[PDB]
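**Student:** You'll find run_2.pdb just under this line, and it carries PDB, C-alpha atoms and all ligand atoms.
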```
ATOM      1  CA  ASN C  23       0.000   0.000   0.000
ATOM      2  CA  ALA C  24       3.161   2.169  -0.359
ATOM      3  CA  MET C  25       2.542   5.628  -1.833
ATOM      4  CA  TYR C  26       5.161   7.952  -3.342
ATOM      5  CA  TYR C  27       4.718  11.679  -2.892
ATOM      6  CA  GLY C  28       6.473  14.085  -5.271
ATOM      7  CA  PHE C  29       6.620  17.823  -4.858
ATOM      8  CA  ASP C  30       7.555  20.156  -7.719
ATOM      9  CA  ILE C  31       8.513  23.374  -5.974
ATOM     10  CA  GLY C  32       8.544  26.473  -8.188
ATOM     11  CA  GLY C  33       8.565  30.224  -7.660
ATOM     12  CA  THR C  34       4.781  30.432  -7.975
ATOM     13  CA  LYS C  35       3.337  27.096  -6.763
ATOM     14  CA  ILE C  36       4.130  23.998  -4.728
ATOM     15  CA  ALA C  37       2.619  21.043  -6.657
ATOM     16  CA  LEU C  38       2.087  17.678  -4.987
ATOM     17  CA  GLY C  39       1.512  14.519  -6.958
ATOM     18  CA  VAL C  40       0.800  11.240  -5.160
ATOM     19  CA  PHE C  41       1.722   7.971  -6.972
ATOM     20  CA  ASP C  42       0.976   4.369  -6.129
ATOM     21  CA  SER C  43       3.535   1.529  -6.229
ATOM     22  CA  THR C  44       2.898   1.119  -9.981
ATOM     23  CA  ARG C  45       3.787   4.788 -10.628
ATOM     24  CA  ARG C  46       0.244   5.858 -11.511
ATOM     25  CA  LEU C  47      -0.812   9.281 -10.358
ATOM     26  CA  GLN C  48      -3.615   9.025  -7.796
ATOM     27  CA  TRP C  49      -4.032  12.591  -6.506
ATOM     28  CA  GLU C  50      -2.787  16.111  -7.187
ATOM     29  CA  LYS C  51      -2.915  19.357  -5.188
ATOM     30  CA  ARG C  52      -1.177  22.721  -5.701
ATOM     31  CA  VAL C  53      -0.833  25.666  -3.323
ATOM     32  CA  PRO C  54       1.011  29.025  -3.664
ATOM     33  CA  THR C  55       4.737  28.982  -2.767
ATOM     34  CA  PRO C  56       5.170  31.002   0.431
ATOM     35  CA  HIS C  57       7.855  33.665   0.082
ATOM     36  CA  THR C  58       7.201  35.408   3.487
ATOM     37  CA  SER C  59       9.078  33.121   5.911
ATOM     38  CA  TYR C  60      10.690  29.733   6.193
ATOM     39  CA  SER C  61       8.126  28.639   8.828
ATOM     40  CA  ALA C  62       5.258  29.344   6.335
ATOM     41  CA  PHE C  63       7.156  27.439   3.607
ATOM     42  CA  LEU C  64       7.719  24.406   5.855
ATOM     43  CA  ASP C  65       4.025  24.433   6.822
ATOM     44  CA  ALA C  66       2.872  24.615   3.174
ATOM     45  CA  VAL C  67       4.770  21.453   2.377
ATOM     46  CA  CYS C  68       4.097  19.555   5.610
ATOM     47  CA  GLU C  69       0.346  20.227   5.523
ATOM     48  CA  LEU C  70       0.215  18.685   2.041
ATOM     49  CA  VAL C  71       2.110  15.581   3.170
ATOM     50  CA  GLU C  72      -0.263  15.310   6.188
ATOM     51  CA  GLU C  73      -3.361  15.725   4.019
ATOM     52  CA  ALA C  74      -2.134  12.977   1.664
ATOM     53  CA  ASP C  75      -1.223  10.677   4.574
ATOM     54  CA  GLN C  76      -4.793  11.100   5.947
ATOM     55  CA  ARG C  77      -6.421  10.669   2.506
ATOM     56  CA  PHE C  78      -4.564   7.396   1.755
ATOM     57  CA  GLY C  79      -4.096   6.114   5.299
ATOM     58  CA  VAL C  80      -0.353   5.649   4.857
ATOM     59  CA  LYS C  81       2.974   7.428   5.595
ATOM     60  CA  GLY C  82       3.982   8.301   1.991
ATOM     61  CA  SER C  83       7.629   8.608   1.049
ATOM     62  CA  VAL C  84       8.514  12.248   0.177
ATOM     63  CA  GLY C  85      10.651  13.513  -2.691
ATOM     64  CA  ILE C  86      11.018  17.141  -3.715
ATOM     65  CA  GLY C  87      12.337  18.843  -6.885
ATOM     66  CA  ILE C  88      14.049  22.253  -6.338
ATOM     67  CA  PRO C  89      15.087  24.755  -9.070
ATOM     68  CA  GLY C  90      18.602  25.211  -7.696
ATOM     69  CA  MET C  91      21.008  23.606  -5.251
ATOM     70  CA  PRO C  92      19.045  21.041  -3.162
ATOM     71  CA  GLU C  93      21.606  20.270  -0.503
ATOM     72  CA  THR C  94      25.140  21.714  -0.226
ATOM     73  CA  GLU C  95      27.948  19.989   1.675
ATOM     74  CA  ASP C  96      26.709  21.407   4.992
ATOM     75  CA  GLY C  97      23.086  20.478   4.112
ATOM     76  CA  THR C  98      21.962  23.913   2.958
ATOM     77  CA  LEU C  99      19.554  24.630   0.119
ATOM     78  CA  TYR C 100      19.994  27.469  -2.383
ATOM     79  CA  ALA C 101      17.394  28.515  -4.947
ATOM     80  CA  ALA C 102      16.940  31.991  -6.458
ATOM     81  CA  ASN C 103      13.159  31.642  -6.861
ATOM     82  CA  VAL C 104      12.586  30.022  -3.443
ATOM     83  CA  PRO C 105      13.855  32.766  -1.102
ATOM     84  CA  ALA C 106      11.855  31.475   1.912
ATOM     85  CA  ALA C 107      13.874  28.226   1.965
ATOM     86  CA  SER C 108      17.257  29.412   0.568
ATOM     87  CA  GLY C 109      20.058  29.282   3.135
ATOM     88  CA  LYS C 110      18.224  26.666   5.231
ATOM     89  CA  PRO C 111      18.772  22.985   5.957
ATOM     90  CA  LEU C 112      15.481  22.133   4.158
ATOM     91  CA  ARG C 113      16.093  18.422   3.885
ATOM     92  CA  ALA C 114      16.959  17.978   7.578
ATOM     93  CA  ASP C 115      14.112  20.225   8.791
ATOM     94  CA  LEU C 116      11.465  18.559   6.668
ATOM     95  CA  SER C 117      12.805  15.121   7.590
ATOM     96  CA  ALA C 118      12.473  15.980  11.320
ATOM     97  CA  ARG C 119       8.984  17.514  10.827
ATOM     98  CA  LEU C 120       7.657  14.497   8.905
ATOM     99  CA  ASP C 121       9.625  11.787  10.759
ATOM    100  CA  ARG C 122      10.812  10.259   7.460
ATOM    101  CA  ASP C 123      13.634  10.505   4.914
ATOM    102  CA  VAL C 124      12.665  13.511   2.739
ATOM    103  CA  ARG C 125      14.814  13.358  -0.464
ATOM    104  CA  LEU C 126      15.605  16.347  -2.691
ATOM    105  CA  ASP C 127      17.037  16.772  -6.179
ATOM    106  CA  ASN C 128      17.095  19.569  -8.727
ATOM    107  CA  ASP C 129      14.293  20.019 -11.278
ATOM    108  CA  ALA C 130      16.368  18.998 -14.314
ATOM    109  CA  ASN C 131      17.298  15.691 -12.584
ATOM    110  CA  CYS C 132      13.610  15.136 -11.681
ATOM    111  CA  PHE C 133      12.703  15.706 -15.363
ATOM    112  CA  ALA C 134      15.204  13.026 -16.467
ATOM    113  CA  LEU C 135      14.119  10.624 -13.701
ATOM    114  CA  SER C 136      10.432  11.025 -14.652
ATOM    115  CA  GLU C 137      11.251  10.035 -18.274
ATOM    116  CA  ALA C 138      13.604   7.186 -17.265
ATOM    117  CA  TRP C 139      10.688   5.689 -15.317
ATOM    118  CA  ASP C 140       8.238   5.747 -18.286
ATOM    119  CA  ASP C 141       6.999   2.117 -18.673
ATOM    120  CA  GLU C 142       8.833   1.646 -21.986
ATOM    121  CA  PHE C 143      12.030   3.399 -20.908
ATOM    122  CA  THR C 144      12.760   1.384 -17.741
ATOM    123  CA  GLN C 145      14.366  -1.199 -20.052
ATOM    124  CA  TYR C 146      17.279   1.306 -20.673
ATOM    125  CA  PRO C 147      20.006   1.376 -18.029
ATOM    126  CA  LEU C 148      21.513   4.811 -18.916
ATOM    127  CA  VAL C 149      19.105   7.558 -19.772
ATOM    128  CA  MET C 150      20.118  11.090 -20.716
ATOM    129  CA  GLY C 151      17.371  13.722 -20.293
ATOM    130  CA  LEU C 152      17.953  16.889 -22.372
ATOM    131  CA  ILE C 153      15.750  19.952 -21.886
ATOM    132  CA  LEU C 154      15.627  22.436 -24.800
ATOM    133  CA  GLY C 155      13.399  25.253 -23.603
ATOM    134  CA  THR C 156      13.835  28.461 -21.650
ATOM    135  CA  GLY C 157      17.405  27.253 -21.075
ATOM    136  CA  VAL C 158      19.286  24.026 -21.824
ATOM    137  CA  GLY C 159      19.920  21.474 -19.086
ATOM    138  CA  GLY C 160      19.187  17.937 -18.149
ATOM    139  CA  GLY C 161      20.329  14.978 -16.165
ATOM    140  CA  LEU C 162      21.664  11.460 -16.282
ATOM    141  CA  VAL C 163      19.851   8.467 -14.785
ATOM    142  CA  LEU C 164      21.413   5.043 -14.249
ATOM    143  CA  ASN C 165      19.222   2.061 -13.428
ATOM    144  CA  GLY C 166      16.412   4.343 -12.286
ATOM    145  CA  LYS C 167      18.455   6.588  -9.921
ATOM    146  CA  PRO C 168      19.746  10.053 -10.884
ATOM    147  CA  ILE C 169      23.485  10.671 -11.052
ATOM    148  CA  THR C 170      23.732  13.915  -9.031
ATOM    149  CA  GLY C 171      27.490  14.490  -9.178
ATOM    150  CA  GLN C 172      29.490  16.230  -6.451
ATOM    151  CA  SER C 173      27.440  19.445  -6.513
ATOM    152  CA  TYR C 174      24.261  18.614  -8.527
ATOM    153  CA  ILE C 175      26.019  19.760 -11.706
ATOM    154  CA  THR C 176      25.804  16.423 -13.561
ATOM    155  CA  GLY C 177      23.832  17.005 -16.740
ATOM    156  CA  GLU C 178      24.469  20.787 -17.083
ATOM    157  CA  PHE C 179      24.816  20.312 -20.850
ATOM    158  CA  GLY C 180      23.920  23.913 -21.580
ATOM    159  CA  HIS C 181      27.220  25.039 -19.979
ATOM    160  CA  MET C 182      29.643  23.129 -22.132
ATOM    161  CA  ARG C 183      31.253  25.363 -24.755
ATOM    162  CA  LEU C 184      30.595  24.840 -28.418
ATOM    163  CA  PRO C 185      33.030  22.242 -29.801
ATOM    164  CA  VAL C 186      35.449  23.356 -32.582
ATOM    165  CA  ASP C 187      33.492  21.243 -35.124
ATOM    166  CA  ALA C 188      30.639  23.786 -34.606
ATOM    167  CA  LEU C 189      32.982  26.407 -36.167
ATOM    168  CA  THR C 190      33.783  24.067 -39.012
ATOM    169  CA  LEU C 191      29.989  23.906 -39.568
ATOM    170  CA  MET C 192      29.086  27.539 -38.943
ATOM    171  CA  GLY C 193      32.315  29.346 -39.884
ATOM    172  CA  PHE C 194      35.156  30.482 -37.601
ATOM    173  CA  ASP C 195      33.596  33.957 -37.217
ATOM    174  CA  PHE C 196      30.373  32.475 -35.779
ATOM    175  CA  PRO C 197      29.712  34.618 -32.680
ATOM    176  CA  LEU C 198      30.676  33.158 -29.298
ATOM    177  CA  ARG C 199      27.785  34.485 -27.224
ATOM    178  CA  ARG C 200      28.330  35.474 -23.551
ATOM    179  CA  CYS C 201      26.485  33.160 -21.254
ATOM    180  CA  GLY C 202      24.889  34.140 -17.941
ATOM    181  CA  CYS C 203      27.369  31.842 -16.204
ATOM    182  CA  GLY C 204      30.127  34.134 -17.498
ATOM    183  CA  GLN C 205      31.705  31.931 -20.122
ATOM    184  CA  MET C 206      31.813  32.687 -23.811
ATOM    185  CA  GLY C 207      30.159  30.183 -26.173
ATOM    186  CA  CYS C 208      28.072  27.920 -23.891
ATOM    187  CA  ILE C 209      25.728  25.873 -26.020
ATOM    188  CA  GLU C 210      22.695  26.982 -24.007
ATOM    189  CA  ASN C 211      22.628  30.260 -25.973
ATOM    190  CA  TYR C 212      22.287  28.541 -29.318
ATOM    191  CA  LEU C 213      20.116  25.554 -28.497
ATOM    192  CA  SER C 214      17.533  26.969 -26.098
ATOM    193  CA  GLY C 215      14.237  28.485 -27.427
ATOM    194  CA  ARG C 216      15.909  31.887 -27.294
ATOM    195  CA  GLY C 217      19.046  30.489 -28.994
ATOM    196  CA  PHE C 218      16.842  29.002 -31.768
ATOM    197  CA  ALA C 219      15.357  32.543 -32.281
ATOM    198  CA  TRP C 220      18.787  34.204 -32.120
ATOM    199  CA  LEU C 221      20.167  31.914 -34.824
ATOM    200  CA  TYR C 222      17.270  32.889 -37.110
ATOM    201  CA  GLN C 223      17.899  36.585 -36.551
ATOM    202  CA  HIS C 224      21.644  36.082 -37.063
ATOM    203  CA  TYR C 225      21.034  34.851 -40.624
ATOM    204  CA  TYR C 226      17.886  36.689 -41.628
ATOM    205  CA  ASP C 227      17.873  39.957 -39.736
ATOM    206  CA  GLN C 228      14.211  39.547 -38.542
ATOM    207  CA  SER C 229      13.353  39.338 -34.814
ATOM    208  CA  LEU C 230      10.930  36.362 -34.826
ATOM    209  CA  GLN C 231      10.464  34.126 -31.760
ATOM    210  CA  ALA C 232      10.452  30.273 -31.942
ATOM    211  CA  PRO C 233       6.641  29.800 -32.365
ATOM    212  CA  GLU C 234       6.649  32.196 -35.312
ATOM    213  CA  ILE C 235       9.560  30.494 -37.047
ATOM    214  CA  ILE C 236       7.963  27.113 -36.446
ATOM    215  CA  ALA C 237       4.667  28.409 -37.922
ATOM    216  CA  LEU C 238       6.563  29.482 -41.073
ATOM    217  CA  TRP C 239       8.332  26.118 -41.253
ATOM    218  CA  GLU C 240       4.966  24.305 -41.215
ATOM    219  CA  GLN C 241       3.717  26.602 -44.009
ATOM    220  CA  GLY C 242       6.843  25.607 -45.970
ATOM    221  CA  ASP C 243       8.829  28.872 -45.790
ATOM    222  CA  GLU C 244      12.270  28.492 -47.418
ATOM    223  CA  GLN C 245      14.157  30.581 -44.775
ATOM    224  CA  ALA C 246      12.467  28.758 -41.909
ATOM    225  CA  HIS C 247      13.512  25.494 -43.554
ATOM    226  CA  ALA C 248      17.085  26.639 -44.015
ATOM    227  CA  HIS C 249      17.076  27.851 -40.373
ATOM    228  CA  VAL C 250      15.814  24.510 -39.025
ATOM    229  CA  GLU C 251      18.420  22.592 -41.030
ATOM    230  CA  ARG C 252      21.214  24.706 -39.473
ATOM    231  CA  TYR C 253      19.707  24.365 -35.965
ATOM    232  CA  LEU C 254      19.461  20.593 -36.298
ATOM    233  CA  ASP C 255      23.008  20.409 -37.647
ATOM    234  CA  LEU C 256      24.329  22.470 -34.737
ATOM    235  CA  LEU C 257      22.357  20.369 -32.213
ATOM    236  CA  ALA C 258      23.852  17.205 -33.752
ATOM    237  CA  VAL C 259      27.438  18.498 -33.603
ATOM    238  CA  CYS C 260      27.087  19.510 -29.945
ATOM    239  CA  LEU C 261      25.408  16.161 -29.070
ATOM    240  CA  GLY C 262      28.176  14.223 -30.864
ATOM    241  CA  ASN C 263      30.613  15.464 -28.244
ATOM    242  CA  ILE C 264      28.309  14.819 -25.303
ATOM    243  CA  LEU C 265      27.299  11.337 -26.498
ATOM    244  CA  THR C 266      30.950  10.311 -27.050
ATOM    245  CA  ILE C 267      31.607  10.793 -23.375
ATOM    246  CA  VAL C 268      28.241   9.718 -21.905
ATOM    247  CA  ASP C 269      27.110   6.945 -24.406
ATOM    248  CA  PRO C 270      23.509   6.746 -23.102
ATOM    249  CA  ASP C 271      21.129   4.000 -24.208
ATOM    250  CA  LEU C 272      18.370   6.568 -24.534
ATOM    251  CA  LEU C 273      18.273  10.309 -25.169
ATOM    252  CA  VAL C 274      14.920  11.865 -24.170
ATOM    253  CA  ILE C 275      14.415  15.448 -25.237
ATOM    254  CA  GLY C 276      12.005  17.710 -23.275
ATOM    255  CA  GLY C 277      11.306  21.420 -22.842
ATOM    256  CA  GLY C 278       9.296  23.769 -25.073
ATOM    257  CA  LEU C 279      11.247  23.055 -28.278
ATOM    258  CA  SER C 280      10.717  19.352 -27.927
ATOM    259  CA  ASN C 281       7.105  20.089 -28.961
ATOM    260  CA  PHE C 282       8.547  20.792 -32.437
ATOM    261  CA  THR C 283       8.627  17.202 -33.777
ATOM    262  CA  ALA C 284      11.436  17.823 -36.316
ATOM    263  CA  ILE C 285      13.868  18.095 -33.357
ATOM    264  CA  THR C 286      13.331  14.440 -32.315
ATOM    265  CA  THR C 287      12.481  12.921 -35.707
ATOM    266  CA  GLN C 288      15.206  14.417 -37.900
ATOM    267  CA  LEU C 289      18.092  14.254 -35.431
ATOM    268  CA  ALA C 290      19.066  10.568 -35.407
ATOM    269  CA  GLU C 291      20.268  10.563 -39.016
ATOM    270  CA  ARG C 292      22.671  13.450 -38.293
ATOM    271  CA  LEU C 293      24.483  11.796 -35.390
ATOM    272  CA  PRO C 294      26.653   9.035 -36.863
ATOM    273  CA  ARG C 295      28.880  11.529 -38.676
ATOM    274  CA  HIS C 296      29.841  12.950 -35.248
ATOM    275  CA  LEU C 297      30.094   9.663 -33.317
ATOM    276  CA  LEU C 298      32.982   7.145 -33.135
ATOM    277  CA  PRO C 299      32.867   4.715 -36.096
ATOM    278  CA  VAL C 300      31.964   1.801 -33.754
ATOM    279  CA  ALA C 301      29.346   3.835 -31.782
ATOM    280  CA  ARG C 302      25.595   3.390 -32.144
ATOM    281  CA  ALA C 303      23.349   6.443 -31.804
ATOM    282  CA  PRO C 304      21.173   6.366 -28.692
ATOM    283  CA  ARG C 305      17.451   5.776 -29.172
ATOM    284  CA  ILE C 306      16.027   9.357 -29.410
ATOM    285  CA  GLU C 307      12.602  10.167 -28.016
ATOM    286  CA  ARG C 308      10.440  13.147 -27.252
ATOM    287  CA  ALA C 309       9.634  13.502 -23.567
ATOM    288  CA  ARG C 310       6.382  11.748 -22.624
ATOM    289  CA  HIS C 311       5.562  13.385 -19.275
ATOM    290  CA  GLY C 312       5.918  17.091 -19.856
ATOM    291  CA  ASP C 313       3.379  18.535 -17.426
ATOM    292  CA  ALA C 314       3.613  15.964 -14.644
ATOM    293  CA  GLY C 315       7.380  15.305 -14.838
ATOM    294  CA  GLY C 316       8.423  17.565 -11.952
ATOM    295  CA  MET C 317       6.109  15.680  -9.571
ATOM    296  CA  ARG C 318       6.923  12.258 -11.045
ATOM    297  CA  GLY C 319      10.697  12.667 -10.809
ATOM    298  CA  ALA C 320      10.551  14.043  -7.292
ATOM    299  CA  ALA C 321       8.325  11.090  -6.206
ATOM    300  CA  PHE C 322      10.631   8.641  -7.942
ATOM    301  CA  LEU C 323      13.598   9.640  -5.825
ATOM    302  CA  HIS C 324      12.257   6.896  -3.502
ATOM    303  CA  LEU C 325      12.102   4.100  -6.101
ATOM    304  CA  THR C 326      15.755   3.256  -5.481
ATOM    305  CA  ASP C 327      17.612   2.581  -2.254
TER     306      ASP C 327
HETATM  307 NA    NA W   1      -2.299  28.236   5.194
HETATM  308 ZN    ZN W   2      27.184  29.043 -19.540
END
```
Represent the supplied structure as structure tokens.
Ligand code: NA
Ligand SMILES: [Zn+2]
**Tutor:**
Amino acid sequence: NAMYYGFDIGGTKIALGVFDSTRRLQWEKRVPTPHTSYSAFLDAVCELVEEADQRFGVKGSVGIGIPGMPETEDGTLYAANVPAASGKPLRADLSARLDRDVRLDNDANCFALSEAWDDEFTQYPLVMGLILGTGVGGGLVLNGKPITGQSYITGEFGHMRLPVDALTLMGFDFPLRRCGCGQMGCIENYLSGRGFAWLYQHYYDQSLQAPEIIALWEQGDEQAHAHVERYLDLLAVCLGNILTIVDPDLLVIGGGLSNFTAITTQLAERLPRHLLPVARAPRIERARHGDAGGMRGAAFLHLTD
């Protein structure tokens, strides 16, 4: 009768999803994220766990996805959009309040874990989740457990510089854009939704956003088509480098751009030219649990020891 609770904590709302032992969602509830004080934040979360416990007559396990640093070396959380909890030992405090092992991970790792636990995808030991949306990020999952790395940096694909073969493709004068992290040329600024739009403007001198370019592509516009071919080629070159070091069985692509089917259907054929001769491309799939993934991944933190 084990139940798995998963919280997706964002700047606006705290979303709880409750899953049974077969990973099916049984109940959902969302409340506003308190920003006023840590005590109000702790209560928002604990009251939801208590409500679920009462509703299902069980002590559910509790997993939580955080957009930031879940637990530093000393046990401290840091998240820009969750000021009420930042600087606090969230994991320890919630664990004491709920008398159970509350587990935390970042939102990109929860996204990857949610996909790795899709019924069909559990057959793949090593799953790489790639998010192409507001930013670029992701995570790595091995045998159903996320690989967090020393500081929850594993899977920060958006912050690896363009490889030199991107200059061979685009020209050596291709702009190396300044990233928010401070480096020059991070792939996030070419492959995110904004990067996709920037690349269009770079070639065509028109300020269209991704939806608009996609609309033109669907209507058969020649520029939009030429733009998408370049984007896909650049995505492939960048992925060639990542896949050569990670070698995942499955690459699942999520985020806003993943709704553009060309990104997951026309990518596989472009990979072999950037992979080792003896390498096989990973299976490539569009994410299957967009909306519910934050809650699923958080809940799934308790599916492994
Ligand atoms: Na209240
Ligand atoms: Zn960067």
**Student:** Give me, as a PyMOL selection string, the set of residues whose atoms come within 8 Å of any atom of ligand NA 1 (chain W), counting all atoms listed in the file.
**Tutor:** chain C and resi 62+65-66
**Student:** Residues up to 9 Å from ligand ZN 2 (chain W), counting all atoms listed in the file: could you list those as a list in words?
**Tutor:**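 Result of the 9 Å neighbour search around ligand ZN 2 (chain W): residues 180, 181, 182, 183, 200, 201, 202, 203, 204, 205, 206, 207, 208, 209, 210 and 211 of chain C.
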**Student:** How about saving the chosen residues, C-alpha atoms kept, as a tab-separated table (two decimals), in the coordinates of the input?
**Tutor:**
```tsv
chain	number	residue	atom	x	y	z
C	180	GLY	CA	23.92	23.91	-21.58
C	181	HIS	CA	27.22	25.04	-19.98
C	182	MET	CA	29.64	23.13	-22.13
C	183	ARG	CA	31.25	25.36	-24.76
C	200	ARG	CA	28.33	35.47	-23.55
C	201	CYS	CA	26.48	33.16	-21.25
C	202	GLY	CA	24.89	34.14	-17.94
C	203	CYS	CA	27.37	31.84	-16.20
C	204	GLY	CA	30.13	34.13	-17.50
C	205	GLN	CA	31.70	31.93	-20.12
C	206	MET	CA	31.81	32.69	-23.81
C	207	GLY	CA	30.16	30.18	-26.17
C	208	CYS	CA	28.07	27.92	-23.89
C	209	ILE	CA	25.73	25.87	-26.02
C	210	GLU	CA	22.70	26.98	-24.01
C	211	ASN	CA	22.63	30.26	-25.97
```
**Student:** What does the structure give for the distance between atom CA of residue 227 of chain C and atom CA of residue 197 of chain C, in Å to one decimal?
**Tutor:**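 Straight-line distance from atom CA of residue 227 of chain C to atom CA of residue 197 of chain C works out to 14.8 Å.
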**Student:** Counting all atoms listed in the file, which of C:241, C:162, C:186, C:319 gets nearest to residue 265 of chain C?
**Tutor:**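 Nearest to residue 265 of chain C: C:162.
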**Student:** Apply the PyMOL selection byres (((chain C and resi 121-134) around 6) and not hetatm) to the displayed file and report the matching residues as a list in words.
**Tutor:** residues 84, 85, 86, 87, 88, 89, 90, 92, 117, 118, 119, 120, 135, 136, 137, 151, 160, 161, 315, 316, 319 and 320 of chain C
**Student:** Between atom CA of residue 104 of chain C and atom CA of residue 31 of chain C, what is the distance, to one decimal in Å?
**Tutor:**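 A separation of 8.2 Å between them.
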**Student:** Can you tell me how far atom CA of residue 242 of chain C sits from atom CA of residue 191 of chain C, in Å to one decimal?
**Tutor:**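 Between these atoms lies a distance of 24.1 Å.
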**Student:** Could you give me segment 80-97 of chain C completed to N, CA and C atoms, formatted as an mmCIF file, in the frame of the given file?
**Tutor:**
```
data_model
loop_
_atom_site.group_PDB
_atom_site.id
_atom_site.type_symbol
_atom_site.label_atom_id
_atom_site.label_comp_id
_atom_site.auth_asym_id
_atom_site.auth_seq_id
_atom_site.Cartn_x
_atom_site.Cartn_y
_atom_site.Cartn_z
ATOM 1 N N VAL C 80 -1.713 6.194 4.883
ATOM 2 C CA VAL C 80 -0.353 5.649 4.857
ATOM 3 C C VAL C 80 0.648 6.769 5.181
ATOM 4 N N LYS C 81 1.899 6.430 5.491
ATOM 5 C CA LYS C 81 2.974 7.428 5.595
ATOM 6 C C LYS C 81 3.681 7.366 4.219
ATOM 7 N N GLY C 82 3.376 8.308 3.335
ATOM 8 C CA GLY C 82 3.982 8.301 1.991
ATOM 9 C C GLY C 82 5.443 8.641 2.045
ATOM 10 N N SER C 83 6.245 8.144 1.091
ATOM 11 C CA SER C 83 7.629 8.608 1.049
ATOM 12 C C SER C 83 7.567 10.012 0.416
ATOM 13 N N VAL C 84 8.572 10.841 0.665
ATOM 14 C CA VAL C 84 8.514 12.248 0.177
ATOM 15 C C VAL C 84 9.774 12.607 -0.589
ATOM 16 N N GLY C 85 9.573 13.027 -1.826
ATOM 17 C CA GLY C 85 10.651 13.513 -2.691
ATOM 18 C C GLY C 85 10.261 14.895 -3.176
ATOM 19 N N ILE C 86 11.267 15.750 -3.367
ATOM 20 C CA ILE C 86 11.018 17.141 -3.715
ATOM 21 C C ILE C 86 12.010 17.601 -4.773
ATOM 22 N N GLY C 87 11.503 18.265 -5.812
ATOM 23 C CA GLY C 87 12.337 18.843 -6.885
ATOM 24 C C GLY C 87 12.431 20.334 -6.614
ATOM 25 N N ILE C 88 13.653 20.862 -6.642
ATOM 26 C CA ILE C 88 14.049 22.253 -6.338
ATOM 27 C C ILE C 88 14.741 22.915 -7.564
ATOM 28 N N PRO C 89 14.335 24.140 -7.981
ATOM 29 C CA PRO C 89 15.087 24.755 -9.070
ATOM 30 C C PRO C 89 16.350 25.439 -8.541
ATOM 31 N N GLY C 90 17.363 24.644 -8.196
ATOM 32 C CA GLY C 90 18.602 25.211 -7.696
ATOM 33 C C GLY C 90 19.467 24.154 -7.089
ATOM 34 N N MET C 91 20.134 24.505 -5.995
ATOM 35 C CA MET C 91 21.008 23.606 -5.251
ATOM 36 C C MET C 91 20.237 22.975 -4.086
ATOM 37 N N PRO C 92 19.875 21.677 -4.197
ATOM 38 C CA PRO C 92 19.045 21.041 -3.162
ATOM 39 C C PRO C 92 19.670 20.911 -1.804
ATOM 40 N N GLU C 93 20.949 20.542 -1.758
ATOM 41 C CA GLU C 93 21.606 20.270 -0.503
ATOM 42 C C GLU C 93 23.110 20.422 -0.693
ATOM 43 N N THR C 94 23.680 21.508 -0.160
ATOM 44 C CA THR C 94 25.140 21.714 -0.226
ATOM 45 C C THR C 94 25.809 20.745 0.740
ATOM 46 N N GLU C 95 27.132 20.830 0.797
ATOM 47 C CA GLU C 95 27.948 19.989 1.675
ATOM 48 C C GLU C 95 27.468 20.069 3.139
ATOM 49 N N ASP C 96 27.188 21.277 3.618
ATOM 50 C CA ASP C 96 26.709 21.407 4.992
ATOM 51 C C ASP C 96 25.202 21.107 5.151
ATOM 52 N N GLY C 97 24.510 20.841 4.044
ATOM 53 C CA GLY C 97 23.086 20.478 4.112
ATOM 54 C C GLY C 97 22.148 21.585 3.723
#
```
